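Here the deposited numbering is used: the first residue of the sequence shown is 1, the next is one more, and so on.
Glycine included, C-beta positions come from ideal geometry on N, C-alpha and C.
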Amino acid sequence: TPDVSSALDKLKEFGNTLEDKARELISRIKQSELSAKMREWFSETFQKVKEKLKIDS
């Protein structure tokens, strides 16, 4: 869902092609083989904060 400011106006024929390929590849993945290294890093960066602060652990 890309927010335009004369960007998809210039690439209107090329922009419409990889807009259909994004609602197709992400509808099935949805942070799976897009993340993997990102979901390991989120349960690591947030876990360092939570064990120190919150209430205690």
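Assignment of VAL4 by DSSP, reduced to helix, strand and coil, places it in the coil class. Per DSSP, reduced to three states, the secondary structure at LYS12 is coil, with no helix or strand assignment. For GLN47, the secondary structure class from DSSP, reduced to helix, strand or coil, is helix.
For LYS54, the three-state secondary structure derived from DSSP is coil. Under the three-state reduction of DSSP, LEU34 is assigned to coil, being neither helix nor strand.
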